[PDB]
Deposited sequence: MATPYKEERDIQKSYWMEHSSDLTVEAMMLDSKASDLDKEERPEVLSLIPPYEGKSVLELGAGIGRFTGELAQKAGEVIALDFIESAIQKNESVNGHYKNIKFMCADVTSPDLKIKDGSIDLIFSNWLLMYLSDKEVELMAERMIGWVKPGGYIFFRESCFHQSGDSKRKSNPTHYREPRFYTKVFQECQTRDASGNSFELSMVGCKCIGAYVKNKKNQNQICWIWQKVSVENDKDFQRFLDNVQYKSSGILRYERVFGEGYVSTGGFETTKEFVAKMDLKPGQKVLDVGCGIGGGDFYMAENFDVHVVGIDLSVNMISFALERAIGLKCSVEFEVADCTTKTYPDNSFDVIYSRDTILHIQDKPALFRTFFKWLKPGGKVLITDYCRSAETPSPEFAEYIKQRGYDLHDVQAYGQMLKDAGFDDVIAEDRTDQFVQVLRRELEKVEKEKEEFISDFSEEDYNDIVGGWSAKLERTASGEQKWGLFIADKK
C-alpha cells in the first residue's frame, strides 16, 4: 500500500515561497503537510485562522510546541487522503502545501484535487509546490518512494478537476500561475522546483473538448524534432549561422519590405525584422508551420506578418517587395519558371532575390535517387540551369553558387550533435524521432557523397 510506504518513509524522514502565495492576511488558511511549522508561524502572523496538518505525530507536535502560542492555529494529525479527515466544505480561503503531492500515488493526486476544490470557497486559492521531472529521482535510494512527476501531470489533473455544490452549481479551477522556484533560466539544467496557483471558479467545461484541442496541438508538433537539429526557430540547413551569412548579402535597409517564400516557423523572419528594421511578409503552405510562427511572434515588437498560402497561387501587386527570400522551399515547386516570372513582377525595380535550394548534379539521377525524388515530390535541377531560369525570368547579375561543400559540413555538424546528445534527444522526443533524424541526415550525406545531391545559393537583382 502507498499509504504505508509513504508513512514509513516519513516516520524515518522561505521568503520567496511566501512572496509567491496569494494574499493571506485576514484569510482562512489550510496548510497541508505543515511539518514542524517552517511556514506555519509566518502564515499565522497574518492569517485569520490556520489549520496545520501533518500525518507524522512528532512533526505536528513540534509545530504546536513552537507555534502554539498563536491561538489562531488548529493542529491536526491526519493523512490528507483519509475519509475520516473532516474539514468543512467551502470554508477555506487558501490551501497551501509545499512538497506534498509527490508523496501520493497518481490516483491519490486526482482524489486530492477533488478534496481540495471541495474545501476551498468559490474564489479561493490552491497553492502547491513539488519536485518535478523523472531524472530528479535518478540518484534516489530504492526505498525512497517520492514521486518525481512531469509537471504536465499536475497541470492536467487540476485543470480537469470538477465538482458540484448543492444544487447543483459546477466549479472548476483556473490556473492563475505556474512558477519556477528561484527564477527560470533558459537551458539551465536541473530546474525542478515548480509551484502552481489555482483559483476556484464557477464554470462547467467539457474536458473532452479540451483534450481534443490539446491533441490537435500535439499532432502538429513533429516539426520540433527538426528545429532541435537545425537550431531554435529554423527548419533548414545551418539554422542561424547560414541565415546570418545570407541575409548579410541582401544589404537590407530600414523600411524595406521582404517576402519570405516558405517561411517555416519564422526564425529567419524575426532575425531580419529585428536586426535590420525591415517589414517581413512570410508565407508557408503548412497551417502547422504558420501556427508555430504566429506563436513565437507573440510579444515581439518587430514588423512581421505570416499567412498560410501557396506561393504558386498567391497574388501580390506589382512592385510590392524590395527582397524576395527563400530557403530550401522551391524544391517543392514544380513550375519554377512560372514562379520566377511572378517574383520578377512582385519585386520593385532595384530589388533582389536570394534563394537557397536543393539541387542535383547535371547527370541523370540514379534509379535510387530518382525514386527518392519521386516519392518526395521534388523537382530538382542542376545549379547552372537553376541560375539560367532566373536569367530567363528577366533577372540580372545572376549568381548561382554550388554550396554543396558547405551543405556537407553543416550536415555533418548537425548529425554529430544529435548523436552526441542521443540520450537527452530521446528523453525529450522519442526513439523513433531520433531514428528519423539520424536516418535522414545519414541519407543526405550518402546522396552528397555519391555526387548526386547538391545545394545551391542564388542571388539576382531586378533593373
In sequence order, name the stretches of the deposited sequence that have no C-alpha in these coordinates. 1-6, 20-41
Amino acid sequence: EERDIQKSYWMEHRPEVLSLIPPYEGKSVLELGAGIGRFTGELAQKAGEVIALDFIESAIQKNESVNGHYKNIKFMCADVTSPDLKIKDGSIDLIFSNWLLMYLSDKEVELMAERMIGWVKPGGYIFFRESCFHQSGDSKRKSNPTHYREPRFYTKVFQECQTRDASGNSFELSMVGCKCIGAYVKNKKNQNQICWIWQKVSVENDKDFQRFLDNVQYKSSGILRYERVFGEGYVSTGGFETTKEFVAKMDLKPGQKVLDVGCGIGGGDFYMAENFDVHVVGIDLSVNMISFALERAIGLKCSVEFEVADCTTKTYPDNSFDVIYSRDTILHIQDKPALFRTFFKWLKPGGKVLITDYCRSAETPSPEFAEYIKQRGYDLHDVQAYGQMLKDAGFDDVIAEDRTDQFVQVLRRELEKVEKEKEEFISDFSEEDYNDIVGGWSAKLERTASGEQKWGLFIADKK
From here on, numbers count along this sequence of modelled residues.
So, looking at the entry's B-factor column for Cα atoms, which has the higher mean, 79-87 or 244-252? 79-87
Would you tell me which stretch averages the higher CA B-factor in the PDB entry, 189-197 or 286-294? 189-197
Choose from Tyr218, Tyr372, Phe212, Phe153 the residue with the greatest Cα B-factor as stated in the PDB record. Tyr372
I'd like to know which of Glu160, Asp322, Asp310, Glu363 has the highest C-alpha temperature factor in the PDB entry. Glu363
Lowest, middle or highest third - CA B-factor, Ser450: middle
Going by the entry, which third of its chain does the Cα temperature factor of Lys417 land in? lowest
Using only modelled residues of the chain, where does the Cα B factor of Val50 rank: lowest third, middle third or highest third? highest
B-factor third for the C-alpha atom of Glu401 within its chain: middle
Place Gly351 in the lowest, middle or highest third of its chain's C-alpha B-factors, as listed in the PDB entry. middle
